[PDB]
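According to the entry's author numbering, the sequence shown is numbered sequentially starting from 3. Quick reminder that beta carbons are idealized off the backbone N, C-alpha and C, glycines included. Below: one structure, written as structure tokens.
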Amino acid sequence: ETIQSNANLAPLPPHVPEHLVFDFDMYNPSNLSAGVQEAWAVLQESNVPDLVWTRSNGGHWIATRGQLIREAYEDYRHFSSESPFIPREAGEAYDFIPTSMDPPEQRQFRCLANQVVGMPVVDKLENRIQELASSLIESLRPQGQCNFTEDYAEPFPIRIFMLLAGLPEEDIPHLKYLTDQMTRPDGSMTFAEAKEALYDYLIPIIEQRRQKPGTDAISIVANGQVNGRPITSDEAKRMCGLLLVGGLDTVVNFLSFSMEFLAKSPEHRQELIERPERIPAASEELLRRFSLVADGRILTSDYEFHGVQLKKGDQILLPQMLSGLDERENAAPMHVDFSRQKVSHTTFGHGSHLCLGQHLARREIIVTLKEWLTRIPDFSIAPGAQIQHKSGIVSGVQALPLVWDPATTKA
Ligand code: HEM
Ligand SMILES: CC(=O)Nc1ccc2ccc3cccc4ccc1c2c34
Ligand SMILES: CC1(C)[C@@H]2CC[C@@]1(C)C(=O)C2
Ligand SMILES: [K+]
Ligand SMILES: [K+]
């Protein structure tokens, strides 16, 4: 409550009015045990203003409502991506391309990143995605149990990504640890250190692949043209770093929230079993209700936004997760309804940095749901297990022990 009682609170800057203070900690929200999305949505209760200042993590603004999150993501002139992670040290070290660049300079790099993860790449890979989902799920099916995070939610998206990037599967533990320190730091490695370690891994590979290219995403990037010239090794490195983080730490977390929900809700399962054709619309509703990303921007100048004086250099967290949980975007937002006429969300971001991997993500989710519900239509949480979530730039599920009767499973 005061800096005296919590040594991790920063002194309130003199431009912030006291009535705007709400000390939310994005890496450990006080309500976390109710679930991560629930923990974030306390920011939308009636006692909280649209725009609040937290003294946690160095002190920063949080926009709490979809309209303000959308406005701020649109207005890159005041809200710059140059420092898009909280705390300030992490935002300062973050130098990934195109995400750390404001329009119009992100353009050519966005162009090149799209060539390696966009829709034509997803369609070319769809057979491989179905192959891997089917193979993993058939291998779990007769067992009647799994640890979902490690038996499926990690290896399924990550192996697809390492296949796309032409990286060996035995490097997964090393890379996954690093990507995870960036989004959900345990406190033993700064963002800068995790990035430096990711860059040390990538640098020799990128050199090799500029000398002897393959057909993999890393060789395509490292040998691209941007801005009228060959991309440099360093630029390709700053792009590939971002690619790894999207490949290893996005869909991986989302699949656990979704499968946890399905394990906890037989009625929703039954609706997808009985009407498989509803799977794509159901995926979008899950992408809304179990949205999981929160990054932000930094103020380029003093700026009064919705009646609130923002100062240059002030950081603002713009939680992508919150737009679709906002009751002003969706009625009864904590309820999952696969037939919503309009699933309003900003789960994949908004504006000029809108997600390039979203098509890969949707295919992976859709394929996972269709293949899981076909082979293992009936499952549940391990009895007595209480599911814990974790919170950060990308939120996650600590463990998801599932069980089923093998007799109920199908080929
Ligand atoms: C459920 C899975 C995913 C979610 C929730 C998600 C979310 C997002 C969000 C919120 C942004 C914008 C961040 C900002 O404005 O600073 C974004 C951008 C991006 N994402 Fe996704 N993402 C997902 C999957 C992926 C995958 C699988 C990849 C690639 C393998 C990927 C690559 C990108 C890239 C390259 C950008 C930067 C686009 C730009 O700066 O122009 N993402 N992601
Ligand atoms: C190279 C370039 O045009 N930059 C572009 C940036 C981002 C894109 C995101 C999704 C896309 C789907 C289909 C065609 C696209 C063409 C161009 C795209 C682009 C495309
Ligand atoms: C916020 C993101 C999900 C987006 C893709 C990876 C991520 C952690 C970034 O750094 C940009
Ligand atoms: K930076
Ligand atoms: K409404």
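In terms of residue numbering, what span does the alpha helix (DSSP H) encompassing residue i cover?
{"i": "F307", "result": "From DSSP, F307 is part of no alpha helix (DSSP H) but of the beta strand (DSSP E) over 305-307."}
{"i": "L324", "result": "322-325"}
{"i": "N129", "result": "121-142"}
{"i": "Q69", "result": "68-76"}
{"i": "residue 2", "result": "As shown, the chain starts at 3 and ends at 413. That puts residue 2 outside it, with no answer to give."}
{"i": "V38", "result": "38-43"}
{"i": "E91", "result": "90-95"}
For residue i, list the residues DSSP reports as bridge partners.
{"i": "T348", "result": "Answer is none; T348 lacks a bridge partner."}
{"i": "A265", "result": "According to DSSP, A265 bridges with nothing at all."}
{"i": "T56", "result": "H62"}
{"i": "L312", "result": "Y305"}
{"i": "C113", "result": "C113 is not bridged to any residue."}
{"i": "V23", "result": "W55"}
{"i": "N149", "result": "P403"}
{"i": "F81", "result": "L301"}
Taking all protein chains shown into account, do 16 or more other C-beta atoms lie within 10 angstroms of the C-beta of residue i, making it buried, or fewer, making it exposed?
{"i": "residue 2", "result": "It is not possible to answer for residue 2, since the shown part of the chain is limited to 3 through 413."}
{"i": "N255", "result": "buried"}
{"i": "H62", "result": "buried"}
{"i": "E331", "result": "buried"}
{"i": "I220", "result": "buried"}
{"i": "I275", "result": "exposed"}
{"i": "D407", "result": "exposed"}
{"i": "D188", "result": "exposed"}
{"i": "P159", "result": "buried"}
{"i": "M184", "result": "buried"}
{"i": "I300", "result": "buried"}
{"i": "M323", "result": "buried"}
{"i": "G326", "result": "buried"}
{"i": "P278", "result": "exposed"}
{"i": "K126", "result": "exposed"}
{"i": "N8", "result": "exposed"}
{"i": "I5", "result": "exposed"}
{"i": "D251", "result": "buried"}
{"i": "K197", "result": "buried"}
{"i": "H21", "result": "exposed"}
{"i": "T217", "result": "exposed"}
Let's see if you can read the secondary structure: which residues bound the beta strand (DSSP E) around residue i?
{"i": "residue 1", "result": "Any property of residue 1 remains undetermined from this structure, which presents the chain solely from 3 to 413."}
{"i": "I318", "result": "317-319"}
Inter-stretch contact at 8 Å, needing at least 3 Cβ pairs: the region 111-123 / the region 355-363: yes
Beta strand (DSSP E) runs contained entirely in the region 167-243, provided each spans 3 or more residues: none
Stretch-stretch touch, CB-based, cutoff 8 Å, three pairs: the region 365-385 with the region 86-98: no
Ordered list of alpha helix (DSSP H) runs contained in the region 356-410, each at least 4 residues: 360-377
Touch test, the region 231-250 against the region 199-206, Cβ-Cβ under 8 Å, three pairs minimum: yes
At least three beta-carbon pairs within less than 8 Å, the region 58-76 to the region 342-354: yes
Three-pair Cβ contact test at 8 Å for the region 50-67 versus the region 21-33: yes
Three-pair Cβ contact test at 8 Å for the region 277-291 versus the region 329-345: yes
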